[PDB]
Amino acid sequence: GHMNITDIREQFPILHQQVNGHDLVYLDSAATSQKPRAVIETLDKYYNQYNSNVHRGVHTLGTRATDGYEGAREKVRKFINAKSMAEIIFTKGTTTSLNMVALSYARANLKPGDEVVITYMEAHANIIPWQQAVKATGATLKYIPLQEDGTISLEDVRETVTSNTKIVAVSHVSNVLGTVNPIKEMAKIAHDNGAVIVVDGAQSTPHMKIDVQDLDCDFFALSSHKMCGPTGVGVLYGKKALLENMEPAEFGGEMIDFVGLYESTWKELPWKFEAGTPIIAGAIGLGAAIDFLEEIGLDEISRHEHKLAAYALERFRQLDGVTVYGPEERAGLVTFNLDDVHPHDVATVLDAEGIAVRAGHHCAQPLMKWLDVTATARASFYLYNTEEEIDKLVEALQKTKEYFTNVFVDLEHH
């Protein structure tokens, strides 16, 4: 309980505004997170003081920019407890990292009869690349079933993963159900069958500590915009032995060693996978966001989100005619639906009260079909959210219920 939430909110300028005459209640951090002054001012200092191209050491500003970029790389490495900076690749985001794994590893290690195994709860970023890969290779795509509470059983994993499985791609935390998947056990299961494991950690990395050596994941993808960092930057971690054998996904400057007229050689890791001028300011700002989160403490943030999630689940259960999807033990988010009220109208009415939630399919259409719903609403939490905001949310949901019941038969009166 070391965390002071008021002192934390004081660092986020975007929280201190009104929307439609009501104080802003931002409950959409699973879509994207807000940034503290540390990150924004890091970007400001970069553009104001030492912006330059990196990886030359020719003049002073170039050296400072290179130092910032590679220091951010080292910050990421220690943040996820990677063994080496050669295993940390800066990308455009989680989606780009997963696509890089699918292109450079899957399309080069899959033959007919091979299996890529995913789950029904995966976001589209962890579905479409594997579809395209197994189509290009003639392999087979399989799905791990889910329990009725939206979790995955280890025996179902042992059943789905076979000796023909080469890749197991799975989410660390589901942005819809809030489920925390048994990533370590699934990694051991995949390794027992001769498969590698790809972990979509876009929703886990911002909210809980990531120990890549303890999870024993082979690949791990994360996005900066979800963890108080700048947009347009993410990280691909891969085991160094795997990344050494993968060919680059992109080609150009900065990633080459020798360039002939028709053939070229690549740089060593990690620069082999970073073509062109890198995302310098964004990566430095992601390093700043890592410093911010680590100064607060990821275990603290996770405990705060557990408090928020338990409180929100209890208060949602106090509402009649509201369905919540997912297990009891969950990350800091609640996906739900109002009886006889479309989630889009729920979100509209909530925004009229200054409350920002999500309505739609959440980039998980097969999961929506598994849930037997067309769309849902979702309120997601982060380190700057409070129980009073959850009270505002549940009161607004009760008032939305009452208003849509009033409008209902007031023109049945007609």
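Quick note: we count residues from 1 along the sequence shown, nothing fancier.
- Mean CA temperature factor is higher for 156-164 when stretches 156-164 and 250-258 are set side by side in the entry.
- Looking at mean Cα B-factors across 297-305 and 230-238, the upper value is held by 297-305.
- The residue among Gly57, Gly354, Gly68, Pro36 whose C-alpha atom has the highest B-factor in the PDB entry is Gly57.
- Each of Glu122, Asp291, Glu274, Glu263 has a CA temperature factor in the record; the biggest one is found at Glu263.
- Per the PDB record, residue ranking by Cα B-factor puts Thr374 in the highest third of the chain.
- Ranked by C-alpha B-factor against the other modelled residues of its chain, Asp345 falls in the highest third.
- Among the modelled residues of its chain, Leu367 has a C-alpha B-factor that falls in the highest third according to the deposited record.
- Sorting the modelled residues of the chain by their CA temperature factor places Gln11 in the lowest third.
- Residue-level temperature factors show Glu74 in the lowest third of its chain, judged at the C-alpha atom.
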